[PDB]
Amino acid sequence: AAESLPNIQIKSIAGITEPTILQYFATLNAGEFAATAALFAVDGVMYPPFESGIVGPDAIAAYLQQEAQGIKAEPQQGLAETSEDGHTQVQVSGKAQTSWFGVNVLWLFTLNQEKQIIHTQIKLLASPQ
């Protein structure tokens, strides 16, 4: 039963190989929001668009279950850079979308030395000109 193909098949996409970033999008898109929340540090912060920051895996999981239904993430490219303090700064561009409409966005992440998410934000990007 459990001995079978797993979930969240982690495939490198969006030009980023950071495991935590690949797992974030894979778990989100499978609706495995507990697993998404578990990628955050004990005091990691998720900033939903237009909302106050949500702190910690338990509150993040509950937010995603209540508010992220029917939203798929489609990353197209990304870049990760490691700073002097040992953290990793990630940018990912792509689309957030439903079955028939969506929006261009930028996902931003900062990871700690253990590669947990310390905080993430989503920024909107209107279509050109």
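Quick note: we count residues from 1 along the sequence shown, nothing fancier.
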Taking only the CA atoms, which stretch has the higher mean B-factor in the record, 104 to 112 or 10 to 18? 10 to 18
Per the record, averaged over C-alpha atoms, which has the higher B-factor: 67 to 75 or 88 to 96? 67 to 75
When the deposited Cα B-factors of this chain's modelled residues are ordered and cut into thirds, is residue 62 in the lowest, the middle or the highest one? highest
Split into thirds by Cα B-factor across the chain's modelled residues, where does residue 27 land: lowest, middle or highest? lowest
